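Shown here: my_file.txt, compact mmCIF, N, CA and C atoms.
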```txt
# COMPACT_ATOMS: atom_id res chain seq x y z
N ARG W 109 139.74 -32.41 110.95
CA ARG W 109 139.90 -30.96 111.03
C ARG W 109 139.80 -30.48 112.47
N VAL W 110 138.91 -31.08 113.26
CA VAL W 110 138.80 -30.71 114.67
C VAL W 110 140.07 -31.08 115.43
N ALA W 111 140.65 -32.25 115.14
CA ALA W 111 141.90 -32.63 115.79
C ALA W 111 143.03 -31.68 115.43
N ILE W 112 143.14 -31.33 114.14
CA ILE W 112 144.16 -30.39 113.70
C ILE W 112 143.94 -29.03 114.36
N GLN W 113 142.68 -28.61 114.48
CA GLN W 113 142.38 -27.34 115.14
C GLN W 113 142.74 -27.38 116.62
N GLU W 114 142.53 -28.51 117.28
CA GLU W 114 142.94 -28.64 118.68
C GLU W 114 144.45 -28.50 118.83
N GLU W 115 145.21 -29.17 117.96
CA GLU W 115 146.66 -29.04 118.03
C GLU W 115 147.10 -27.61 117.70
N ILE W 116 146.42 -26.97 116.76
CA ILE W 116 146.73 -25.59 116.41
C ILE W 116 146.43 -24.65 117.57
N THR W 117 145.34 -24.91 118.29
CA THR W 117 145.02 -24.12 119.48
C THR W 117 146.09 -24.30 120.55
N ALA W 118 146.58 -25.53 120.73
CA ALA W 118 147.67 -25.76 121.67
C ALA W 118 148.91 -24.96 121.27
N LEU W 119 149.25 -24.98 119.97
CA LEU W 119 150.42 -24.24 119.51
C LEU W 119 150.22 -22.73 119.64
N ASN W 120 149.00 -22.24 119.42
CA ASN W 120 148.70 -20.83 119.59
C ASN W 120 148.85 -20.41 121.05
N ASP W 121 148.36 -21.24 121.98
CA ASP W 121 148.56 -20.96 123.39
C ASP W 121 150.04 -20.97 123.74
N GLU W 122 150.81 -21.87 123.13
CA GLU W 122 152.25 -21.89 123.34
C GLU W 122 152.91 -20.61 122.82
N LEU W 123 152.45 -20.11 121.67
CA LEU W 123 152.97 -18.85 121.14
C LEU W 123 152.69 -17.70 122.10
N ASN W 124 151.46 -17.64 122.62
CA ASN W 124 151.11 -16.59 123.57
C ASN W 124 151.94 -16.71 124.85
N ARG W 125 152.17 -17.94 125.32
CA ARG W 125 153.00 -18.14 126.50
C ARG W 125 154.43 -17.69 126.26
N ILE W 126 154.99 -18.03 125.10
CA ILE W 126 156.35 -17.60 124.77
C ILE W 126 156.43 -16.08 124.74
N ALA W 127 155.41 -15.44 124.15
CA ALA W 127 155.39 -13.98 124.11
C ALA W 127 155.33 -13.38 125.52
N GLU W 128 154.51 -13.97 126.39
CA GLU W 128 154.24 -13.37 127.69
C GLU W 128 155.23 -13.75 128.79
N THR W 129 156.06 -14.78 128.59
CA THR W 129 156.96 -15.23 129.64
C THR W 129 158.43 -14.95 129.38
N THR W 130 158.82 -14.72 128.13
CA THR W 130 160.22 -14.44 127.83
C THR W 130 160.64 -13.14 128.50
N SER W 131 161.74 -13.19 129.25
CA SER W 131 162.20 -12.05 130.02
C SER W 131 163.71 -12.12 130.18
N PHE W 132 164.30 -11.01 130.61
CA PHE W 132 165.73 -10.89 130.88
C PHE W 132 165.88 -10.50 132.34
N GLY W 133 165.88 -11.50 133.22
CA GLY W 133 165.94 -11.26 134.65
C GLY W 133 164.64 -10.82 135.28
N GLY W 134 163.55 -10.78 134.52
CA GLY W 134 162.28 -10.29 135.02
C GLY W 134 161.72 -9.18 134.17
N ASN W 135 162.55 -8.65 133.26
CA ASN W 135 162.14 -7.60 132.34
C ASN W 135 161.60 -8.26 131.07
N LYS W 136 160.29 -8.17 130.86
CA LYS W 136 159.66 -8.85 129.74
C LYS W 136 160.13 -8.25 128.41
N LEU W 137 160.11 -9.08 127.38
CA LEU W 137 160.70 -8.69 126.10
C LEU W 137 159.73 -8.73 124.93
N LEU W 138 158.89 -9.75 124.83
CA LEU W 138 158.10 -9.99 123.63
C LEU W 138 156.60 -9.89 123.87
N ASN W 139 156.18 -9.18 124.91
CA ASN W 139 154.76 -8.96 125.17
C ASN W 139 154.33 -7.52 124.90
N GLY W 140 155.22 -6.69 124.37
CA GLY W 140 154.89 -5.32 124.05
C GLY W 140 155.13 -4.31 125.15
N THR W 141 155.42 -4.76 126.37
CA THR W 141 155.73 -3.83 127.45
C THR W 141 157.14 -3.27 127.33
N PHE W 142 158.02 -3.95 126.61
CA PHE W 142 159.38 -3.47 126.37
C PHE W 142 159.34 -2.56 125.14
N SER W 143 159.17 -1.27 125.38
CA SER W 143 159.18 -0.28 124.32
C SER W 143 160.62 0.06 123.96
N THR W 144 160.81 1.13 123.19
CA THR W 144 162.15 1.56 122.82
C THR W 144 162.99 1.86 124.05
N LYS W 145 164.12 1.18 124.16
CA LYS W 145 165.07 1.40 125.23
C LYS W 145 166.40 1.85 124.64
N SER W 146 167.00 2.87 125.24
CA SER W 146 168.24 3.44 124.74
C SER W 146 169.42 2.84 125.50
N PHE W 147 170.29 2.15 124.78
CA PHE W 147 171.50 1.58 125.35
C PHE W 147 172.65 2.55 125.17
N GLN W 148 173.32 2.88 126.27
CA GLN W 148 174.38 3.88 126.28
C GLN W 148 175.71 3.20 125.95
N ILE W 149 176.22 3.44 124.75
CA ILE W 149 177.42 2.75 124.28
C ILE W 149 178.53 3.76 124.01
N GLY W 150 178.56 4.86 124.77
CA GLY W 150 179.59 5.86 124.63
C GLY W 150 180.18 6.23 125.98
N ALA W 151 181.37 6.83 125.92
CA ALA W 151 182.04 7.30 127.13
C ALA W 151 181.45 8.59 127.67
N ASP W 152 180.67 9.31 126.87
CA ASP W 152 179.99 10.52 127.28
C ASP W 152 178.49 10.35 127.08
N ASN W 153 177.71 11.06 127.89
CA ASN W 153 176.26 10.97 127.82
C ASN W 153 175.76 11.50 126.48
N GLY W 154 174.60 10.99 126.07
CA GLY W 154 174.03 11.39 124.80
C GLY W 154 174.56 10.64 123.60
N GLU W 155 175.11 9.45 123.81
CA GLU W 155 175.65 8.60 122.75
C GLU W 155 174.98 7.23 122.79
N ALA W 156 173.66 7.23 122.90
CA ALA W 156 172.88 6.02 123.05
C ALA W 156 172.25 5.60 121.73
N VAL W 157 171.92 4.31 121.64
CA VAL W 157 171.28 3.72 120.47
C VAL W 157 169.97 3.09 120.92
N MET W 158 168.90 3.38 120.19
CA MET W 158 167.58 2.85 120.54
C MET W 158 167.42 1.42 120.02
N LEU W 159 166.83 0.57 120.86
CA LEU W 159 166.44 -0.78 120.48
C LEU W 159 164.96 -0.96 120.80
N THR W 160 164.22 -1.49 119.83
CA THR W 160 162.78 -1.70 119.97
C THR W 160 162.46 -3.18 119.85
N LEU W 161 161.72 -3.70 120.82
CA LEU W 161 161.19 -5.05 120.77
C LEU W 161 159.68 -4.99 120.61
N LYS W 162 159.16 -5.71 119.62
CA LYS W 162 157.77 -5.61 119.21
C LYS W 162 156.95 -6.73 119.83
N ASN P 55 220.48 42.17 159.90
CA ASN P 55 220.11 41.09 160.81
C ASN P 55 218.60 40.93 160.89
N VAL P 56 217.87 42.04 161.04
CA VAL P 56 216.42 41.95 161.05
C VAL P 56 215.90 41.49 159.69
N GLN P 57 216.57 41.87 158.60
CA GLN P 57 216.18 41.35 157.29
C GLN P 57 216.34 39.84 157.23
N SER P 58 217.46 39.32 157.74
CA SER P 58 217.69 37.88 157.73
C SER P 58 216.65 37.15 158.58
N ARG P 59 216.35 37.68 159.77
CA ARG P 59 215.34 37.03 160.61
C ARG P 59 213.97 37.05 159.94
N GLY P 60 213.62 38.17 159.30
CA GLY P 60 212.38 38.23 158.55
C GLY P 60 212.36 37.24 157.40
N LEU P 61 213.51 37.01 156.77
CA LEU P 61 213.58 36.04 155.68
C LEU P 61 213.36 34.62 156.19
N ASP P 62 213.95 34.28 157.34
CA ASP P 62 213.68 32.97 157.93
C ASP P 62 212.20 32.80 158.26
N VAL P 63 211.59 33.84 158.84
CA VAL P 63 210.15 33.77 159.11
C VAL P 63 209.36 33.64 157.82
N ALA P 64 209.82 34.30 156.75
CA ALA P 64 209.14 34.22 155.47
C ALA P 64 209.19 32.81 154.89
N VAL P 65 210.35 32.16 154.96
CA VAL P 65 210.42 30.79 154.45
C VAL P 65 209.60 29.84 155.32
N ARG P 66 209.53 30.09 156.63
CA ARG P 66 208.67 29.28 157.48
C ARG P 66 207.20 29.43 157.07
N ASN P 67 206.78 30.67 156.83
CA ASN P 67 205.40 30.93 156.41
C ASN P 67 205.12 30.30 155.05
N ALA P 68 206.08 30.37 154.13
CA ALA P 68 205.89 29.77 152.81
C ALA P 68 205.77 28.26 152.91
N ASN P 69 206.56 27.63 153.78
CA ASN P 69 206.43 26.20 154.01
C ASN P 69 205.05 25.86 154.57
N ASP P 70 204.56 26.68 155.51
CA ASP P 70 203.22 26.44 156.05
C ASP P 70 202.15 26.57 154.97
N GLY P 71 202.29 27.57 154.10
CA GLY P 71 201.34 27.72 153.01
C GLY P 71 201.35 26.55 152.04
N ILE P 72 202.55 26.06 151.71
CA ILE P 72 202.65 24.88 150.86
C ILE P 72 202.01 23.68 151.54
N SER P 73 202.17 23.57 152.86
CA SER P 73 201.54 22.48 153.60
C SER P 73 200.02 22.54 153.49
N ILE P 74 199.46 23.73 153.69
CA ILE P 74 198.01 23.89 153.59
C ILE P 74 197.52 23.55 152.19
N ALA P 75 198.24 24.04 151.17
CA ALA P 75 197.86 23.75 149.79
C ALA P 75 197.93 22.26 149.50
N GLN P 76 198.96 21.58 150.00
CA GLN P 76 199.10 20.14 149.79
C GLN P 76 197.94 19.38 150.42
N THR P 77 197.58 19.74 151.65
CA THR P 77 196.47 19.07 152.33
C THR P 77 195.17 19.26 151.55
N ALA P 78 194.88 20.50 151.16
CA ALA P 78 193.66 20.77 150.41
C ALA P 78 193.65 20.02 149.09
N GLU P 79 194.80 19.96 148.41
CA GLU P 79 194.86 19.30 147.12
C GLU P 79 194.71 17.79 147.24
N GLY P 80 195.24 17.19 148.30
CA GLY P 80 194.99 15.77 148.52
C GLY P 80 193.53 15.47 148.78
N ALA P 81 192.87 16.31 149.59
CA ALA P 81 191.44 16.14 149.81
C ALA P 81 190.67 16.25 148.49
N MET P 82 191.03 17.23 147.66
CA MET P 82 190.34 17.39 146.38
C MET P 82 190.69 16.27 145.40
N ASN P 83 191.85 15.64 145.56
CA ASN P 83 192.17 14.46 144.76
C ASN P 83 191.22 13.32 145.11
N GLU P 84 190.99 13.10 146.41
CA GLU P 84 190.00 12.10 146.80
C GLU P 84 188.61 12.47 146.29
N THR P 85 188.29 13.76 146.31
CA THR P 85 187.02 14.23 145.75
C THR P 85 186.91 13.88 144.27
N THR P 86 188.00 14.08 143.51
CA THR P 86 188.01 13.74 142.09
C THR P 86 187.80 12.25 141.88
N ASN P 87 188.44 11.42 142.71
CA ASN P 87 188.27 9.98 142.59
C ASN P 87 186.81 9.59 142.81
N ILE P 88 186.19 10.15 143.85
CA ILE P 88 184.79 9.85 144.13
C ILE P 88 183.90 10.32 142.98
N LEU P 89 184.20 11.50 142.42
CA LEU P 89 183.42 12.00 141.29
C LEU P 89 183.52 11.09 140.08
N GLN P 90 184.73 10.57 139.80
CA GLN P 90 184.89 9.64 138.69
C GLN P 90 184.09 8.36 138.93
N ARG P 91 184.10 7.86 140.17
CA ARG P 91 183.30 6.68 140.48
C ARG P 91 181.81 6.94 140.25
N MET P 92 181.33 8.11 140.68
CA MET P 92 179.93 8.44 140.46
C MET P 92 179.62 8.57 138.97
N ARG P 93 180.56 9.11 138.20
CA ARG P 93 180.35 9.22 136.76
C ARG P 93 180.23 7.85 136.11
N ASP P 94 181.08 6.90 136.53
CA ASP P 94 180.96 5.54 136.03
C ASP P 94 179.62 4.93 136.41
N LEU P 95 179.18 5.14 137.65
CA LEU P 95 177.89 4.60 138.08
C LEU P 95 176.74 5.20 137.27
N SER P 96 176.79 6.51 137.02
CA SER P 96 175.75 7.16 136.24
C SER P 96 175.74 6.65 134.80
N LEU P 97 176.92 6.45 134.21
CA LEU P 97 176.98 5.89 132.86
C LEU P 97 176.41 4.48 132.83
N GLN P 98 176.69 3.67 133.85
CA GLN P 98 176.12 2.33 133.91
C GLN P 98 174.60 2.38 134.05
N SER P 99 174.09 3.29 134.87
CA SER P 99 172.65 3.36 135.11
C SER P 99 171.89 3.81 133.87
N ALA P 100 172.51 4.62 133.01
CA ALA P 100 171.84 5.14 131.83
C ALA P 100 171.53 4.05 130.80
N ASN P 101 172.11 2.87 130.93
CA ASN P 101 171.87 1.80 129.97
C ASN P 101 170.42 1.34 130.02
N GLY P 102 169.88 0.98 128.86
CA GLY P 102 168.50 0.54 128.77
C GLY P 102 168.25 -0.87 129.25
N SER P 103 169.30 -1.67 129.44
CA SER P 103 169.12 -3.02 129.97
C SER P 103 168.72 -3.02 131.43
N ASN P 104 169.02 -1.95 132.16
CA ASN P 104 168.66 -1.87 133.57
C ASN P 104 167.16 -1.67 133.73
N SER P 105 166.61 -2.27 134.78
CA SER P 105 165.27 -2.01 135.24
C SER P 105 165.35 -1.05 136.43
N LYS P 106 164.24 -0.87 137.14
CA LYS P 106 164.21 0.10 138.23
C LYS P 106 165.10 -0.32 139.40
N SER P 107 165.23 -1.63 139.65
CA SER P 107 165.96 -2.09 140.83
C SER P 107 167.45 -1.76 140.75
N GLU P 108 168.07 -2.00 139.59
CA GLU P 108 169.48 -1.67 139.44
C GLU P 108 169.70 -0.17 139.56
```

Any chance you could give the structure as structure tokens?
Amino acid sequence: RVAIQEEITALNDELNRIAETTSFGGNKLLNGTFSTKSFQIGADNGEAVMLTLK
Amino acid sequence: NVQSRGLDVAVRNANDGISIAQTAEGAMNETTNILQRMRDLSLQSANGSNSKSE
């Protein structure tokens, strides 16, 4: 059980690392700092769609 | 005869006025082109994928 817990702790640290290091050019995505961002997909202003990363 | 001479002066003045209008309109055409470029830049900047640097 201790060995399994050690491997589980390693995987948990890997999960935290994946959350904290995934980025798009330097803009973090999966650590919660990326709140709702509006992508402008229209030819005129005010035609944006919100995307939320948790 | 004085009417004819005045008419020649009138067509000369009208040509000068058309020249001034053409020059102003070409300048404003370049202004329109620059405005369209700025509008494209503003539309690009409004996207949520951009960070502060872009």

### Task
Can you list, as a PyMOL selection string, all residues belonging to chain P that DSSP tags as helix (DSSP H, G or I)?
chain P and resi 56-99

### Task
Output as number ranges by chain the set of chain P residues within 10 Å of chain W, with distances taken over only C-alpha atoms.
P: 93-94, 96-106

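Secondary structure by DSSP on the backbone puts the following residues of region 109-159 of chain W in strand (DSSP E): residues 131, 132, 135, 136, 145, 146, 147, 148, 156, 157, 158 and 159 of chain W.
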
### Task
To one decimal in Å, tell me the separation between CA of residue 82 (chain P) and CA of residue 68 (chain P).
20.9 Å

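Our summary of the geometry notes that CA of residue 107 (chain P) is positioned 23.1 Å from CA of residue 155 (chain W).
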
### Task
For residue 127 (chain W), work out the shell of residues within 7 Å, counting only N, CA and C atoms and skipping chain neighbours fewer than 6 positions away, then give it as an MDAnalysis selection string.
chainID W and resid 137:140

### Query
Just how far from atom C of residue 67 (chain P) is atom N of residue 79 (chain P), in Å to one decimal?
16.0 Å
